[PDB]
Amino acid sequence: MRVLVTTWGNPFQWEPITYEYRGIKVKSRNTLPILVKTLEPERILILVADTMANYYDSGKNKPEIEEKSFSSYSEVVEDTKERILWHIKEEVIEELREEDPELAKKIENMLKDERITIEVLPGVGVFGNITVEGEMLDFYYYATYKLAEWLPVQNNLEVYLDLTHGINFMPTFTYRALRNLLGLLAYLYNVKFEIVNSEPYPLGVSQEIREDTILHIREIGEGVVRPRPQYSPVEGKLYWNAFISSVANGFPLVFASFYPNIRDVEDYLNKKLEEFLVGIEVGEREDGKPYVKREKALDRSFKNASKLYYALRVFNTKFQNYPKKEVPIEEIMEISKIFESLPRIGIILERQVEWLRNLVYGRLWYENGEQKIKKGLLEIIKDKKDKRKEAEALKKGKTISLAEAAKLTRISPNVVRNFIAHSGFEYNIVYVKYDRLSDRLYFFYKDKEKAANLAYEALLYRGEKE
């Protein structure tokens, strides 16, 4: 699938110009036509700022919507959308009817379906049409949230990000939010991330020099996305962080054990978001214009939470039985196969995980043509002769330590390091239990709290240099 995300400033300030891209040339005020014609996206998200609210050009009498008086940020948002929607219908499409009539119908139809959506984000700025006061980071944090909801979850996803019409701080914020999110999608699926940006609109030049000027849509993306560990906690959410640490460092047992319920996070976002919107005062400037003042701000936890929200949407398409406190070696392998995307960690897990597979089944290997082997908890439990207290306890279904498991067969003072080294599989805290009804060996954290803290700590952990 191919999707396009594009940041827009003030569309009513752009004049018609010809855009070139991959051999194709389409004239418009917006890049959208050339991008839709060249790329043929299946979806399009348009990001604008509430600083667009109430905009009106008296000399060009556009957009053809009256200036209003607002009382809630709710109206402010819907009004902004109305005007941007107008520029799209009454200008983008309209003016295409004389340049590429088929494209106009294509954009016209995409606008019918829910192919293209406009979203209004919190901005900053004192303009002739409105004044918006608040924290700048709000745009960024909310951006991460919006992308967290809209963004697809599929294999071979191609995300094109057009920063052409982005105006102040918008570009970098959106670029950062998007690469963070796509970086999480890359743990399971393949995805390309391209950034497009057209050359600058010719300024202060003769009408003759402006008509010979054709703007190139440039590709400046990073290409194939590689997953990247994001050490981004959510204040006051131990378990979540523990899970966040597992996706960052690769802790299979911690992954399954603290897998958060997407609705629990989804509702955290909802509450924090509601507390934000309500802090938004909607008044009136000296000159009668709208005055939006945010007295509450979003924090990085809201951003990290939003990130967690997208990760879970990516993972939930492959794991539904989690959280699970007692997981079998089979699922540990599944979970471990996720980090294959991050070679260094997946390779660390493959060995560590095979070892754990050997505990349960036994180890069959060769040394110089010779043929040596060892049995696992599985066999020991069957053999009626084994009277070793560990196998005794295990045979009854009693809980046995991972170290105790190392004894029935063959297998530092800085807990965090060792915990990182062992991928969360500490022989002190990881236990085993045999269930006869299901007929399987289960691994689990006996000490729920300390497993999470050790995990959490391994997210904030930083080696020593100086």
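Don't overthink the numbering: it's just position in the shown sequence, from 1.
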I want to verify a possible break: how many residues of the deposited sequence sit between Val416 and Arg417 without any coordinates (none, 1 to 3, 4 to 9, 10 or more)? none
If you average the CA temperature factors as listed in the entry, which stretch comes out higher, 309 to 317 or 103 to 111? 103 to 111
Averaging CA B factors per stretch from the PDB record, which one is higher: 61 to 69 or 34 to 42? 61 to 69
Looking at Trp86, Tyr366, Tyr160, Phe302, which has the highest CA B-factor as recorded? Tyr366
Candidate set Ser438, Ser423, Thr51, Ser28 [ranked by C-alpha B-factor, highest]: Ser438
By the entry's values, the third containing the CA B factor of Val5 is the lowest
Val196 by Cα B-factor - lowest, middle or highest third of the modelled chain: lowest
For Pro227, the third of its chain by CA B-factor is the middle
Please rank the C-alpha B-factors of the chain's modelled residues and tell me whether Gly288 sits in the lowest, middle or highest third. middle
Modelled-residue ranking by C-alpha temperature factor, third containing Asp383: highest
